[PDB]
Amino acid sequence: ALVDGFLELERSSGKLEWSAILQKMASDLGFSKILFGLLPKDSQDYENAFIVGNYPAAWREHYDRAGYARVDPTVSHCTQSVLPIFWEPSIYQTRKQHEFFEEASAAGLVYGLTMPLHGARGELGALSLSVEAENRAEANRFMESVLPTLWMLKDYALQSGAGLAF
């Protein structure tokens, strides 16, 4: 089921089927929203990266124009770390972040995580999934159990997604 989705991921012909498979796999893993973003080596043109997924349309439009890529705690984490980042209220410290958080929360992006991507050819990116859980405890427990399967998703996605974005 998940193993089959991995294979379909690698078999994907174009951005459309691949991004479709990526969403279908997030939804099966109990995550209603997923975003994958990937820049070439040594680029910071966030708004013009390869970006796919099913994030809420209203929010994606806002995110690009407002340049939230430079605000988002997960984005600067990805460029400085390998470890995944859970969306704890604490990752949002500064004013523009306490404010990025309010709105992201209104868009449904409350609970979830971001996995940084560091490709073999030095590519940089982010794989985020959001889950609708009763509260933060349930969400963080849930995400710790499925984290191994997600890290393999991250791996099949980075590998197959680089030779389609680029």
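Note that the rigid core is defined as the largest set of C-alphas that superpose within 1.5 Å between two forms. Numbers follow the displayed sequence, beginning with 1.
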{"query": "43 to 51 against 117 to 125 - segment lying farther from this form in 8 other deposited structures of this protein (CA RMS, rigid core fit)", "finding": "43 to 51"}
{"query": "Of 24 to 32 and 108 to 116, which departs more from this form in 8 other deposited structures of this protein by CA RMS after core fitting", "finding": "24 to 32"}
{"query": "Greater mean Cα temperature factor according to the PDB record, 92 to 100 or 79 to 87", "finding": "92 to 100"}
{"query": "26 to 34 or 59 to 67, whichever carries the higher mean Cα B-factor", "finding": "59 to 67"}
{"query": "Most elevated Cα B-factor in the entry, residues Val131, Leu127, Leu124, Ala106", "finding": "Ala106"}
{"query": "Third of the chain, ranked by Cα B-factor, where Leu113 sits", "finding": "lowest"}
{"query": "Third assignment of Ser13 from its chain's C-alpha B-factors", "finding": "highest"}
